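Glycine gets a Cβ as well: all are built from the backbone with ideal geometry, and neighbour counts include every protein chain shown. Readers should treat all values here as calculations from the given coordinates under stated rules, not as data from a laboratory.
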Amino acid sequence: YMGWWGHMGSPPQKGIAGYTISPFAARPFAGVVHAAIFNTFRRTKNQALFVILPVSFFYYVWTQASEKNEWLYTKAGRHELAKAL
Amino acid sequence: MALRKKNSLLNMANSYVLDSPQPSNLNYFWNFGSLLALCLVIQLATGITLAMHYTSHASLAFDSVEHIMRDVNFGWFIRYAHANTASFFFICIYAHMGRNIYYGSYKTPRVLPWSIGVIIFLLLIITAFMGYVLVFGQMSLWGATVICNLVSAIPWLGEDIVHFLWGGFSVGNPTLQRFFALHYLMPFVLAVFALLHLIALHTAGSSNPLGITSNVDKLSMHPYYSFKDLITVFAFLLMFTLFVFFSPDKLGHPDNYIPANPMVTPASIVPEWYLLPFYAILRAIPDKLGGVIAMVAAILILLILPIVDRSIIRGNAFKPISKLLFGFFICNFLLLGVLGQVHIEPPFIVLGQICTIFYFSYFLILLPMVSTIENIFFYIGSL
Amino acid sequence: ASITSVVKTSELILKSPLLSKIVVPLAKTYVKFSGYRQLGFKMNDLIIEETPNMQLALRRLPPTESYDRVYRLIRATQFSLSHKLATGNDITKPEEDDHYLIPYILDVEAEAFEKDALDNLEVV
Amino acid sequence: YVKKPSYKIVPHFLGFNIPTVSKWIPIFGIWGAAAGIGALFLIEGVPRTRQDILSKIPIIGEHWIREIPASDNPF
Amino acid sequence: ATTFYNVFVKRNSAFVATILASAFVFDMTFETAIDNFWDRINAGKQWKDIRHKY
Amino acid sequence: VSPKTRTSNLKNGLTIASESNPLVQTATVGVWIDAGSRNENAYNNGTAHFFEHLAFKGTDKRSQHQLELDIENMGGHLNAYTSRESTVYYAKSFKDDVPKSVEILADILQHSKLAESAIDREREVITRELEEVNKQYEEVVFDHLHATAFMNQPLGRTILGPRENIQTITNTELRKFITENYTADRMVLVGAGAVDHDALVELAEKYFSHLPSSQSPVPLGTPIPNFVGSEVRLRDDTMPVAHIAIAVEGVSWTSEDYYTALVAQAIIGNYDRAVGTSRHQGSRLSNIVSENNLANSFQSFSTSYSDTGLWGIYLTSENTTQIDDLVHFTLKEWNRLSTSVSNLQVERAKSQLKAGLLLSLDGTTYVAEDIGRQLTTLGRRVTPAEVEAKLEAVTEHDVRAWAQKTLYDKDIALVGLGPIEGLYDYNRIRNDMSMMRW
Ligand code: HEM
Ligand code: HEM
Ligand SMILES: CCCCCC[C@H]1C(=O)O[C@H](C)[C@H](NC(=O)c2cccc(NC=O)c2O)C(=O)O[C@@H](C)[C@@H]1OC(=O)CC(C)C
Ligand SMILES: CCCCCCCCCCCCO[C@@H]1O[C@H](CO)[C@@H](O[C@H]2O[C@H](CO)[C@@H](O)[C@H](O)[C@H]2O)[C@H](O)[C@H]1O
Ligand SMILES: O=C1C(O)=C([C@H]2CC[C@@H](c3ccc(Cl)cc3)CC2)C(=O)c2ccccc21
């Protein structure tokens, strides 16, 4: 499914002209400020919910469980612990 | 024709590290493969070095590790480097398996490197564990007891296998010396399998974060990914340095600095941070055999991802619903990790069971269902 | 899963008035959030092609459609590695998101599944 | 006159059909015996295998009933 | 003779089963046969031969 | 429902068999002889083929030229072929030209001149035929296949015979051959097409009445072959296409397994990339071969003789680096005749044969060849109804039983001709004749 240089197995390409410049001719950090601020904000915003939703949910679940556990092993939580065991 | 292509030996190296055609758009999550290679090299170097100083006899093992810390020049470094890299190895390998699950690297045509990978993951667990036992501190001895008793789950012959693996009636000198032999051996087996899964991958080439073919646009492995992999080498070494030099014991259990006492097990039994997810799984199930099966199945079930992912699209970049499901799966695997280290108390007993069910239901129910529905949403949604 | 499966199931949904009323809007939103159009892909560019069947379907594409597919994949690969999105004319507009490949793969698979069926025929 | 050929498609899965598989059922049987014989042969040395399996076999089973005289047994 | 070929040799499953069952039989009988032979050639030498005195 | 094949005998023991078709206007009469190259010994090997040339080299009455003219004036043509077990001499003509043709055939068979001058003339023609068959690769492969399968046995001899014999064949030993072998009890006069049976029997009473009868008249198709698993490789890197035949000892005409072997042959089937439909055939091997472009063609055969046969497959391939796969997959398909075949394949192949055995007979020459072949191999024409009954009796269990005794783990005769560097050695081919998984 993948070949090697010369016969990589791309469907025939025609009509794409690719241009690039030398690494020595380019500023490697051109527009780094713009990218670091605006591009990273864009990419972060677009992915934020995919991280925030499960982290916030499982942090809530952990928080509730750890608070209950703490409370069960207090004097006030004696009775509820006795029922749990 | 270039020597690197002409000469059979160079040609094999060339095909892996120099001319290897890679997709041009691999992101930083493709760097874990080389970090795991670097971890494996560090572990071999520090490991073989510790083996030059360590004594496998149970009467001397713990003391030889103290001698390494105290008397051997740079012994502290070599020991902590070995111990900490074992932790980094697992961060990197979960990252690498994470990457593979998120981007559908397990799908055809890469089921073989994936499946060999699942075995590398099991071997790493057994290697790292066998290595944990060699210290012969309190956790070491107890860990040995439990792992060697997982075969007691196997009915009838089980109990006899346990005694055979201990070479005794309990974990003792015999066990420690055979763990040393095998802990030295297992990493070379693991490097074979690591190589094999690359050879299996070389038929299809790396996947890429879009999950499309990269046959249209390839880049030589060097210089592009060689230099890309250095960034993570140095980022890894920065994190390595912070642990090894500044906080070498953050990732460790205090109890392993107590010599093994077969008469007590510590009241706070908590295994290595990386085994915690499966340990919570083992705790969750209240049956002996059940608990063991579930724990092993939690790794072996990765083998079925090629089947149960019914998507026509490779990986999750373009599947909002699958990405959310994957987020919950990952967070649940971290929750299992957390529950592995709390006390076995309410309410975490029930919670650990719910997380265990969710872990398995991702492979058995949710992934097959979500992937089916998203297929339909792509087709309907684009008409 | 096979494209045939996906296409037949989609047709079952589009038939049922109730089902289409609730599913078509979901699927359109899903596709907007999927965001493959923001790399200038057509939906069909994302179908896994490393399969005997798909390789055969892709060989059946008219040269025009085939060359354009190569271009969209090259261009998307370039967006991906630059961490940019398509802008302007590179963004796939909903009207350009044509199922250019679905007819070809459905024909490939139709034959492949007929072949499997007829390999298991029993003279009565 | 015949208007259409008369056939059904037999149910099949991954290119196996019940006609074909049924012909191999005996062979799995023999390979299961070979695996049984072979496995049991491998663990014939295991003391549990003698105790629980092999010594129970009629006539032949006395091959695996061996006691070391307590005069020659340090343990 | 055809019959013997057809039963035990034609199917490889059967042939391997036969070889492993033969290996079982051989293993058990060879052990017993060498044990007896070893005791006869080293008669009066071995512990079992002088054990009776004690 | 085809018309009834009528059969009469003469006093000498000549069988006359006829199948009329009042829908055609031509007629093929000829003489099928239960004699061929197999009936020679090693000294006179090539005599039967030699005679075939001399049969048309003139008779006691008509000279060579007169013979030519007589047949030209008849309008149709005469044709002959000598095989290993059967010699045929037929004459396709018009309906009312049949009395001429029977007369000409009776003349060339009984009253051939075999003049020293003509023997000497043909001795060059036949010598040149030895170096021109060289081109007919199918025939080169099958001649080697018989030579090897039946090593140093009568069936193993070629038809043309060695060069040495052609140089030493005399009119004496030619005469002796046709006097010993072309006897009335070994011959069948066959008419197909626009022939009346009663008219043909009268023509036989007129022309073939003074035929020698053999001293010991055995029934028609009466025969000791010991097949040799063996290989011939005739590697020729300059050839573009490899031709490989593989065969096992097959079945005689009268075997109880004759139909089972034909069914088995139909399960593997034929394939030819040049035919449009072949990529869609049901045969498992056909699918493997077409999907992978492993071969240009393959053709299963089951050649039968009176007392043995060869059953096998003949492959041609330009894919010279994947001949290993081609042979591998082919023999794995034969293995499945033993291990896997069920009602699915057997009923499909029976359906394809139930038609195939009747399809073959589509012109008067094919009908005559079928009447003649059956009468000289079985001693009777088998009616389509009996053939359909014998095929219906073949079950999946019979095919598996036959394959397990005839194919499975058996020695093969393998002939490879051409760029067969890629064909592995004999052991590795023969190892594919069984499955370790079974
Ligand atoms: C010693 C441990 C391992 C090492 C050193 C290793 C190394 C690598 C390397 C170098 C690559 C190619 C570059 C990359 O994609 O990162 C790779 C790819 C891959 N690895 Fe691993 N690997 C290891 C463990 C694993 C494990 C445990 C799995 C699976 C469970 C795995 C599955 C894969 C797969 C599926 C690929 C192909 C992914 C793709 O490029 O899309 N590997 N590995
Ligand atoms: C994947 C490769 C390896 C992993 C994951 C691994 C993991 C570990 C771990 C977790 C320990 C416990 C360390 C501690 O807490 O002190 C350890 C100890 C040890 N490892 Fe390894 N190891 C690896 C390779 C090797 C190799 C190749 C050797 C060669 C002998 C080796 C020799 C040792 C020795 C001698 C010890 C005990 C001394 C000590 O605890 O530091 N290791 N290893
Ligand atoms: C010296 C020749 C021997 C061949 C094997 C040596 C190693 C080898 O092949 O190196 C390569 C550099 C390879 N990386 C990749 O494929 C790679 C591919 C695509 C992208 C990136 N990165 C992205 O940004 C990559 O990093 C790698 O790290 O894999 C090690 C594990 C290999 O070790 C072995 O399997 C043997 C043993 C030491 C484990
Ligand atoms: C420490 C272990 C010792 C051996 C490890 C060294 C690296 C691993 C090599 C084993 C894999 C070789 O397996 C094979 O090798 C050849 C020879 O380059 C390579 O072949 C690859 O590159 C060559 C030319 O560079 C191409 O003609 C070919 O299309 C491509 O597949 C592939 O990598 C693989 O198909
Ligand atoms: O009780 C346990 C325990 O259960 C594990 C566990 C957790 C991970 C397990 C495991 C996970 C995955 C695989 Cl593929 C195999 C084993 C191994 C046993 C330990 O490592 C441990 C160490 C020290 C003291 C007690 C214990």
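Which of rounded, prolate, oblate describes the range B:170-262, given a ≥ b ≥ c as roots of the alpha-carbon gyration tensor eigenvalues and a/c under 1.5 marking rounded, otherwise prolate only if a/b is larger than b/c? Oblate, since a/c reaches 1.5 and b/c is not below a/b. Computed from the Cβ-Cβ distance with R0 of 60 Å, the FRET efficiency linking A:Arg78 to C:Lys15 stands at 0.45.
Checking the a/c ratio against 1.5 first, then a/b against b/c, what shape does the Cα gyration tensor give for the range F:217-353? Write out the running numbers ahead of the final one.
Values: a/c = 2.13, a/b = 1.31, b/c = 1.62.
Because a/c hits 1.5 or more and a/b fails to exceed b/c, the range F:217-353 counts as oblate.
Find how many whole Å separate the alpha carbon centroid of the range C:41-87 from the alpha carbon centroid of the range F:277-308. One Cα centre to the other: 39 Å. A straight chain from F:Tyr43 to F:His65 at 0.36 nm per residue would run longer than the Cα-Cα distance by 4.7 nm. In the protein assembly as shown, taking the dipole from charged Cβ atoms about the Cα centre, the farthest positive-side position among F:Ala192, F:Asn39, B:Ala181 is held by B:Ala181. Classify chain F as rounded, prolate or oblate, taking a ≥ b ≥ c as the square roots of the eigenvalues of its Cα gyration tensor: rounded when a/c is under 1.5, otherwise prolate if a/b is larger than b/c and oblate if not. It comes out prolate by the Cα gyration axes. In summary, the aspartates and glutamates within cross-link reach of F:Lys95, defined as a Cα separation below 17 angstrom excluding same-chain residues under 8 places away, comprise F:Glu19, F:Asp70, F:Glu72, F:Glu103, F:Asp196, F:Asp198, F:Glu202. All other residues whose Cβ lies under 14 angstrom from that of F:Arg437 are scored, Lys and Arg at +1 and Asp and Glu at -1, for a net of +3.
Just need the relative contact order of chain B here, percent rounded to a whole number, with Cα pairs under 8 Å and 6+ apart.
Numbers: 452 pairs, mean separation 87.9, N = 383.
Here the relative contact order equals 23 percent.
With the charge dipole of chain F set up from +1 on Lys and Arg Cβ and -1 on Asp and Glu Cβ about the Cα centre, the Cα lying farthest toward the positive end among the listed residues F:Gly161, F:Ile267, F:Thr127 is that of F:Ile267. For the peptide D:4-17, the mean number of other protein chain Cβ atoms found within 10 angstrom of a residue's Cβ is 4.
Which of B:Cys92, B:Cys148 has the fewest other C-beta atoms within 10 Å, and how do the rest follow up to the most? Working shown, then result.
Working: B:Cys92 23, B:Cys148 20.
Ascending number of Cβ neighbours within 10 Å: B:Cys148, B:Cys92.
Of the residues A:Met2, A:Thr20, A:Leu81, the one whose Cα sits farthest towards the positive end of the charge dipole of chain A is A:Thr20 (charges of +1 on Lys and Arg Cβ, -1 on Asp and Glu Cβ, taken about the Cα centre).
Using the per-residue mean of other Cβ atoms lying within 10 Å as a proxy for protection, in what order, highest first, do the peptides E:29-35, B:311-317 fall?
Numbers: E:29-35: 10.7, B:311-317: 25.0.
Put in order of decreasing packing, that is B:311-317, E:29-35.
Taken along the Cα-to-beta-carbon direction at a fixed 7 Å, the label points for B:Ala297 and A:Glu67 span 3.5 nm.
Restriction of the trypsin sites (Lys or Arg not before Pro) in the range F:1-102 to DSSP coil positions whose beta-carbon has at most 16 other beta-carbons within 10 angstrom yields F:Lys4, F:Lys11, F:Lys61. A simple packing score, the average count of other Cβ atoms within 10 Å per residue, orders the peptides B:224-235, B:337-348, E:36-47, F:244-255 as F:244-255, B:337-348, B:224-235, E:36-47, with the highest score first.
Counting only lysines at least 8 places from A:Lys14 when in the same chain, those with an alpha carbon closer than 20 Å to its own are B:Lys218, C:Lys42. Magnitude of the charge dipole for chain D, about its Cα centre and with charges confined to Cβ atoms of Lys, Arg (+1) and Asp, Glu (-1), is about 940 debye. What separates the Cα centres of the range F:246-261 and the range F:141-191 is a distance of 23 Å. Straight-distance candidates among the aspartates and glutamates for linking to D:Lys56, with alpha-carbon spacing under 15 Å and chain neighbours fewer than 8 residues away dropped: D:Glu44.
Only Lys, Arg, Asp and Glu carry charge here, each on its Cβ (+1 for the first two, -1 for the last two); on that basis the range B:251-372 has a dipole of about 480 debye about its Cα centre. Taking GluC sites (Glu not before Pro) across the range C:33-109, none is in a DSSP loop with at most 12 further Cβ atoms lying within 10 angstrom of its Cβ. Only the Cβ atoms of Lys and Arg (+1) and of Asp and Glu (-1) were treated as charged; on that basis the dipole of the protein assembly as shown about its Cα centre amounts to roughly 4240 debye. Taken over the Cα atoms of chain B, the convex hull encloses 160 Å³ per residue. With θ taken as phi - 60° and the Karplus curve 6.51 cos²θ - 1.76 cosθ + 1.60 applied, the whole-hertz 3J(HN,Hα) list for the range B:331-344 is 5, 5, 5, 5, 4, 3, x, 4, 6, x, 10, 7, 7, 6 Hz, x standing for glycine and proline. When its C-alpha radius of gyration is set against 2.2 N^0.38 Å (N residues), chain C gives a value of 1.26.
3J(HN,Hα) along the range D:12-20, derived from phi through the Karplus expression 6.51 cos²θ - 1.76 cosθ + 1.60 where θ = phi - 60°, amounts to 9, 7, 6, x, 10, 10, 5, x, 5 Hz, with x in place of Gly and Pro.
As an exercise, take the mean of 1/r over every pair of distinct alpha carbons in chain A, invert it, and state the Kirkwood radius in angstroms. Please report the intermediate quantities before stating the final value.
Numbers: mean 1/r = 0.0501 Å⁻¹.
Result for chain A stands at 19.9 Å.
A simple spin-label model places the labels of B:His202 and B:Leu3 2.1 nm from each other, with each point 7 Å out along Cα-to-Cβ.
Under a 5 Å amide H cut-off, with hydrogens placed 1.01 Å from N, D:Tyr7 pairs with C:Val124 among residues at least 5 apart or on other chains. Applied to the range B:305-321, the Karplus parametrisation 6.51 cos²θ - 1.76 cosθ + 1.60 on θ = phi - 60° returns per-residue 3J(HN,Hα) values of 3, x, 8, 7, 6, 9, 6, 8, 10, 8, x, 10, 3, 10, 10, x, 5 Hz, with x for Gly and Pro.
What chymotrypsin sites (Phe, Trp or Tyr not before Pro) does the range B:89-156 have in DSSP loop regions with at most 13 other beta carbons within 10 Å? It would help to have the intermediate numbers written out before the result.
On the way: sites: B:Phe89, B:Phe90, B:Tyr94, B:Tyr102, B:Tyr103, B:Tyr106, B:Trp114, B:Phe121, B:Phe129, B:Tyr132, B:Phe136, B:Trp142, B:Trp156; in loops: B:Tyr103, B:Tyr106, B:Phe136, B:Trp156.
Those satisfying the criteria are B:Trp156.
For a paramagnetic label modelled on F:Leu359 (point 7 Å from Cα along Cα→Cβ), amide N atoms under 14 Å away belong, within the range F:297-324, to F:300. Counting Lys and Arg as +1 and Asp and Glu as -1 over every other residue whose Cβ lies under 13 Å from the Cβ of F:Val88, the net charge comes to -1.
Net charge near E:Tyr5: determine it from the other residues with C-beta under 13 Å of the C-beta of E:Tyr5, scoring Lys and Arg +1 and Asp and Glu -1. Show your work: numbers first, answer last.
Values: positive: E:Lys10, E:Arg11, F:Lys405, F:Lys410; negative: F:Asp409.
Taking every Cβ under 13 Å from that of E:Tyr5, the sum is +3.
Distance from the alpha carbon centroid of the range A:40-85 to that of the range B:171-250 works out to 34 angstrom.
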